[PDB]
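Protein chains in written order, with the authors' numbering: chain N, 2 to 523; chain M, 2 to 523; chain C, 2 to 523; chain B, 450 to 523.
What follows is the structure, given as structure tokens:
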């Protein structure tokens, strides 16, 4: 059986679910935010002042409210930032826009024209957000934005600024737990390709949704993997080696996947599988390049090596690898460097050889991918737990600084969306309903400030009004209850605010244009 | 343990079920439709904008309503097109006609006369629709209709136009996931006959309800297969070979099918089985034809070969074999080309020799279905996921172009059904109740147009009146809201509209003349 | 505090009330109808096969149904005939038309078009009945029709035939309760004008709703009477005389009416009041004519006569004055015959003198009513109850024959309405709903005969078809179960059928086009 | 206009759109269902419709701007 709700009843149930998730999450917004307690099975109370954590333990009894909750949760979480105020800002914006849109279109508006107006004004406000952002490019200012990112600790800001200078803007920087007491920085060779694991049952660091293998074995394979019968000796010699093996194959599926899941869950064998990087003839190209990186050899039928022919000598070796959901990192592939610079030489020989722009672009990407290198930081401090907290801080600073160099910075604390609303002053849609949608999103842009100061328990209207009278970077610093942000340095990357607003507009559009809902009866 | 309802109670239960299904499907219609949110048992909620997926997720609690919903879903699913607006329009028309039919028979009308009137007016509307559809005949206009089908992309338009002129009007196209970055076209030998798999548990790609093999083995058999004891070594040598297996036999049933299902579901073996193509002497001849196409040999008691005696040498080989419910395709059978052209020459020799027209026609269709070959559209693009949706787009374009060349094209958006109402102006039945049925099906032809514009949020009355005031292909472009459809390039094949209206009439008549419904006690 | 109900719910309540009334009443229709027991507060319960008595005792609990029943009662009661089969036929036709009309309005029909179609169709049926009616202009066939209306005893038939033959068509006949055993007929001087009593508290014979004054005194007043103080001497001398008084004046209202009502209800003074005949100058002239007719004198200020000084000599003298709701008869005004014939001579002197045709027509009307006289039939028999029963029989015969010569005669038993359905075969309105209304009333014309035969316990479809295949006056006679009505002597006047059908169509028109009913909460 | 044309059982939107397209005294004659009103002779004084519109605006404003209704218990 399946329950079905149509039109206003369905939309109201979805609004109820989204409102419940909002009031669950919106309270933990800002510096002076509230705290939410969690009941966990066979454990103590745990409180959380971060909106990402409180979101994930939301699941409602009523199926309709539940789908609304999971809808806003998923579309809101597509933003890049995970440190904070990325999944909460989007959620409060989504609640605001959805509430006003549904509760106006109940008063006789056209939902589709409302969605059109919402999208138009979101385009206008993201354009203004791009215009407003101050770019960051240079050592002193990336150090400054890192320090603002790292809770005002100059040394981590200096370290990360230096690192992103060494490797390059588009380059890759990774952090890892160290054994020493000092903090230092090296840049090694390595690869990172945007193909993650094949199933989620390899995550070792469940706290961070990543799987890590130490001193692994890398099999460079080109063909498919379907059958259990053919990969026995590799697994046996890996178990006899007592080290992990990471599987890079064309397509692992079926009984092979079932068997490796079984032995991974049982813990007998530390194994992980990822999709093969590249595409086609260039899949073969980057596969043989990463083979010569890691020091192994390719296993492919064009050179007459069956899968079971692979041995210790043919396998590829490195030190550390991380398998996140999207990408995968290879750092310091244990291979002789002379052939690596020979690879780079033949790469530039290809540069001067080729003629077509598509070839030039893709192989310049390859050059940056191999010769660019991997920045590694040996974060270290006095005690273990403080070192864990320090590496967490380094990771958050890395993400924030990467976003800042990507698309500038904006005055944070909810005032960026205030100053971005100036572009909505003299914009009129094709009809009255689109102007209504423009007004709705204009009213919704200021809700982060309203709630960031409502969490502080002050009157919101006075502060938002006298923030609106200002211009430039004038705004409310919620931490100190002052009225400057230019250099006060409570800032957010423009990218996180832009994508939070875009996601909120998207989910509001998909939610205002729904008049049918389908759920199971328990 | 059964509940039986009679007469108006049963018909009202059917009306309630069909109304729920249609309202669930009516929402997603036209280019300005609205969303529907459906959860899966595990994971994210899913948003949809086509009626097909929403149709597949309807199943109600009251058994009578569920029964009516399944009824209309099944008969509405019989339209050949699967892209969209074929099953949605069928459900819309069926709900409209059924509603008005019950809502008129409450006034004392005779349901038999209503059914006869609906059928007669539907036949007249089909005749007018056929007279209205413009023919498509020429590579240029085939390219145009392909481009309109493919969201205004000329490269696919020229691709399918070239393929269609190369293979022929009744020829066969097959789309495959290339490994290369360029989309090329080839003409290769192959086969196709209208019979599929013997069990619904045998689908590999459940996304499109179709099973597929890659580089299989083809055995040719003449008799039945019933038991396990007679087909051990063929399966053993296949499993040692490590390739999939296609099976052609007279009929497979019983323990053989049971063991095949076990070995497939367990994943030990890749196998397939479809029925024999032809009949009598024609079965023997066409079996020999597929055998000499694929390079194998026939197995039969007439020539003294036992199924166990078959070996690798006798087996047939191919590269891509596709099995769906109705048909199946063989491409590039590994055979010697000289023997195939010799077969063609012997076929035409018999064509000159034969005299009877029936055997003549059988020979011409055999010659066409053998010598024509299989076109191979190798769909290549840059990345993987964009290539995959590209493959989906060209599959949809292939189906749409095939329908358009089959039975012409007409204005889309429901305008074709509007313009066909001119034929029913002077069509009167034998009695008054048939005239009421004619009026009933007249009033339903504008319901599709009324709902494409009702999802747009505008009053359907003005647009339908003002398009009735027009003539020819004057129509409502729901995308851009101007009033030209002649060259504007929003259309539908006349075949899909014809089939949708006919299926709607069939279910309308079958529900109108229903007065007893039997279901079980939960 | 008043309840309000709109839309189809109010019409459903009205239909329920009409259904209750019709089911109470329609069982009595026909020659062999059924019985309707009714509750009597004091004494035995009453049984009646006569529908008008059954109709008068209908009043339901839920006010909307009472409201609907009362509307049908009020419309149907306006039929000229009171003997029977006039109100019941109208009720049955209204039931059929209203039920079919609601079922078709719920089918999706415009009530405006349905009402207009019913009006057009009933006009067509009225024209057909006009065409089909056999005229009665002649002494012999009025004798036959009188015999039919009197249950086949020729004596009363020839009596009323001669009474007509003397009195004239527009001339007026009354029934007098005779004292002698023999039945005698007299043509005497009398008067008639259509002005009834001023209040219903004047009725003496409530069985027929008419007030009778035996040998009364009549005064002829020209001015207005309002209050008590002027009329003391007149009622003083009248009470001293011990005979009734007939009040003819311009208008009586207020304290004067209160006084005469008071002394009437107590029985102290037996009196009756009716307005003067004509208008203005015509009132004065015709008041003076009735004054000469009754032997009295006018009481006008023009001749300097007050009312207080009026004496018995100025009063008029007659024998009987039947005061009903609308008419009032004078018989044998005690006036010297020479004077009235001289006044007739003066009327003819005025007829030749005047030139205008309008005044000529009114003077001819004056001559006809004055010189025409009033025929009186003295009905006599042996016993008491037999003589009153014969009085009732002749009263019914008088009404029946009057209507019959008014508009002819047609076949009875609903056959006239059946054969009148031939006209509606080729009548089509401007649009479909009008044709639906035409069909609705065509089915409704079948209902009188269908109920007539259903009360006989037979099957309606067989007889209604077998009557329809016939032509002319071929029809079903339920008294003897034969199939001829030409000379079988079961007919009804065309006037009663026409009036019943028109009244039924009118009530249907008012009821189908109602969308709010406002009632009183108990 | 929607209610006068809906009391006749006709769909209001088409009539109101196609009379709004007209200019001047072009109008819908409900008695005859024709589309001219200049000399056809269905006229209302400007005073009656003016005062009707004034009173409608007044009652609407006075009912919108009302927060509490004070009524006796039966």
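Just so you know, even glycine gets a beta-carbon here, dropped at the ideal spot from N, CA and C.
Counting only beta-carbon separations shorter than 8 Å, does residue i have a partner in chain C?
i: residue 457/B; result: yes
i: residue 440/M; result: yes
i: residue 34/M; result: no
Using a beta-carbon distance below 8 Å, is residue i in contact with chain M?
i: residue 297/N; result: no
i: residue 466/B; result: yes
i: residue 483/B; result: no
i: residue 430/C; result: no
In whole angstroms, what separates the C-alpha of residue i from that of residue j?
i: residue 125/N; j: residue 240/N; result: 59 Å
i: residue 238/C; j: residue 225/C; result: 21 Å
i: residue 500/B; j: residue 451/M; result: 39 Å
i: residue 207/M; j: residue 254/N; result: 15 Å
i: residue 13/C; j: residue 17/M; result: 23 Å
i: residue 99/M; j: residue 87/N; result: 51 Å
i: residue 487/N; j: residue 135/N; result: 11 Å
i: residue 173/C; j: residue 336/C; result: 20 Å
Go ahead and pull the three-state DSSP assignment for residue i.
i: residue 449/M; result: helix
i: residue 203/N; result: helix
i: residue 136/N; result: coil
i: residue 7/C; result: strand
i: residue 478/B; result: strand
i: residue 229/C; result: coil
i: residue 489/N; result: coil
i: residue 277/C; result: coil
i: residue 427/M; result: coil
i: residue 1/C; result: The structure shown has nothing for residue 1/C, since chain C only spans 2 to 523.
What distance in whole Å lies between the Cβ atoms of residue j and residue i, which are believed to be in contact at a cut-off of 8 Å?
i: residue 317/N; j: residue 219/N; result: 3 Å
i: residue 21/C; j: residue 75/C; result: The Cβ separation is near 16 Å, so there is no contact.
i: residue 414/C; j: residue 325/C; result: Actually they are not in contact, since the Cβ atoms of residue 414/C and residue 325/C sit about 30 Å apart, beyond 8 Å.
i: residue 116/M; j: residue 513/M; result: 6 Å
i: residue 298/N; j: residue 194/N; result: At roughly 19 Å, the Cβ-Cβ gap does not stay under 8 Å, so residue 298/N and residue 194/N are not in contact.
i: residue 184/N; j: residue 307/N; result: Contact doesn't hold; Cβ gap of about 47 Å is too wide.
Beta-carbon of residue i versus every beta-carbon of chain E: anything under 8 Å?
i: residue 351/N; result: No chain E is part of this structure, whose protein chains are labelled N, M, C and B.
Does any residue of chain B have a CB that is nearer than 8 Å to the CB of residue i?
i: residue 460/M; result: yes
i: residue 416/M; result: no
i: residue 377/M; result: no
Taking Cβ-Cβ distances below 8 Å as the criterion, which residues of the stretch 91-115 of chain C are in contact with chain B? The residues in question are 111, 112, 113 and 114.
Can you give me, in chain order, the residues of the stretch 115-127 of chain C that have a beta carbon less than 8 Å from any beta carbon in chain M? Answer set for the stretch 115-127 of chain C: empty.
For the stretch 254-280 of chain N, which residues have a CB atom closer than 7 Å to at least one CB atom of chain M, in sequence order? Taking 7 Å as the upper bound on Cβ-Cβ separation, chain M lies near residues 255, 256 and 280 of the stretch 254-280 of chain N.
Return the residues of the stretch 220-236 of chain M that lie within a Cβ-Cβ distance of less than 8 Å from chain N, sorted by chain order. Residues: none.
What residues in the stretch 137-165 of chain C have a beta carbon less than 9 Å from any beta carbon of chain M? Contact annotation: in the stretch 137-165 of chain C, no residue has its CB less than 9 Å from a CB in chain M.
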